[PDB]
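Participant: This structure is in structure tokens; I'll ask about it shortly.
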Number of protein chains: 2
Amino acid sequence: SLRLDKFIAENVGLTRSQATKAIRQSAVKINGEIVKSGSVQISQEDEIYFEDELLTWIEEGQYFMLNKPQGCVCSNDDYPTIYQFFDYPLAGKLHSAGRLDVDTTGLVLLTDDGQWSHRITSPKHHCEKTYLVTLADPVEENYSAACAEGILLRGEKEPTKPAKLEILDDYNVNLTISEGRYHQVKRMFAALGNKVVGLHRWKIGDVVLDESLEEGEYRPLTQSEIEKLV
Amino acid sequence: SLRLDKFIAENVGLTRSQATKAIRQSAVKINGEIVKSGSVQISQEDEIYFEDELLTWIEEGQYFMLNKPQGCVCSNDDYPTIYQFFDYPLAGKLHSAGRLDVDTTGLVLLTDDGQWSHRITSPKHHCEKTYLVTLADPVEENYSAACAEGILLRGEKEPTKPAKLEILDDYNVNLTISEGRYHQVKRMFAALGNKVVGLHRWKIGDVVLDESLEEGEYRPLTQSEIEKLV
């Protein structure tokens with residue numbers, strides 16, 4: 001067996017200090033339990049989680065893009081999960097690099113590489129995520145400026161970071177955000193007096209969801225896509 | 001008349017900088033519409049909202065505690081509101097010091113004092129709120145430690161601040177939090193693998209909900225209670 005902090009540092013690509021801080025911030029679990037000590041000994045009989053993503057003991061280097069349908073979640077284990085779209089043992093070696101809510105559709109990246117996935121979801125790297133947002137009511141003239149300036153939402157201590165809004169038509173826009181607060185997009189438009197009736201992610205960084213993928217289908221990423229994301 | 005930013009600063013008790021930021025961040029409305037220009041002139045007849053709480057220009061000093069029932073919301077706007085329990089014009093000169101979701105019951109403080117209410121709900125402050133929480137599945141031994149040491153919720157950059165959990169029985173607990181993150185209580189228990197099926201607030205600071213109040217009933221706060229929340 002080996003130390004939890006050594007495992008987290010090496011598998012998530014963090015310094016021992018960063019791994020220690022993550023552990024202190026309740027970001028690390030052993031078999032579903034929050035663990036606050038980096039000295040705890042672990043083995044392959046243990047399932048290790050970082051920000052709720054299951055890390056594999058046998059990393060090989062696998063990367064995929066999935067077109068997620070509604071009605072399923074991005075957890076390894078109420079609703080079915082995205083792992084139903086993969087066969088075992090492959091399904092058991094993967095975790096996600098940015099989850100999508102149960103009814104949000106689109107681009108979900110799956111990988112067995114914890115260093116790669118963390119770089120993608122790390123706030124510091126502020127990776128851009130673009131969503132096709134369909135609204136119940138017509139877009140208003142103040143939307144673009146509000147998104148660019150930032151919106152102070154109830155339940156938040158800070159306003160949303162500047163986001164880029166692109167109007168497609170009166171009921172559809174593309175919104176690019178470099179963060180992912182709880183139900184952020186839904187809350188942003190609700191704050192503006194509208195309602196999100198459709199949410200589809202089609203881009204992360206410079207990687208676009210393969211439009212030939214039906215919902216539930218996935219394909220391996222190309223080396224170019226893998227490299228562009230980090 | 002006066003500038004929207006002067007009104008917000010004086011009424012909510014913010015610095016001119018904070019007021020300017022809140023307005024630019026779409027947290028302020030004039031007669032139900034978001035206004036991002038602090039220079040806009042307003043009269044006593046205009047209805048000003050800060051994060052959807054209706055403020056009062058000429059404060060008289062009213063403070064009440066209401067026992068909120070399920071099926072109603074805390075706002076002036078799908079369901080009936082808690083202001084239905086008040087007669088006009090009083091109902092139109094009050095706002096809350098901490099809102100509860102539609103099916104959450106219990107203690108809601110109503111007032112026309114923007115500074116008093118702001119301090120109670122301000123993220124910069126740490127006013128304690130205690131809830132009787134009923135869960136779908138049995139509570140677990142480690143719940144207390146988890147709440148005391150912090151839980152990292154999806155959508156958050158930092159773990160929840162220290163909270164106090166008291167187990168009452170197999171499906172009920174009292175949880176005291178000094179934070180106000182979006183749907184925090186529900187998300188905390190969801191993170192622990194459970195589900196809140198019942199939620200009743202009975203204490204804010206050292207002020208306890210009057211047990212003699214039937215749902216829908218309210219009473220004025222005593223001077224002692226008003227001061228305890230100062």
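Numbering starts fresh at 1 for the residues of each chain in the structure tokens, the chains themselves are lettered A, B, ... in the order given, and ligands are numbered from 1 as they appear.
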Using backbone DSSP assignments, extract all strand (DSSP E) residues from segment 31-191 of chain A; output them as a ChimeraX atom specification.
Facilitator: /A:33-34,41-42,48-50,53-55,63-68,95-96,105-111,129-135,164-167,172-177
Participant: Check every residue of chain A for an atom within 10 Å of chain B, counting only C-alpha atoms, and provide those that qualify as a PyMOL selection string.
Facilitator: chain A and resi 22+24-28+32-36+51-52+99+122-123+142+145-160+179-184+191-193
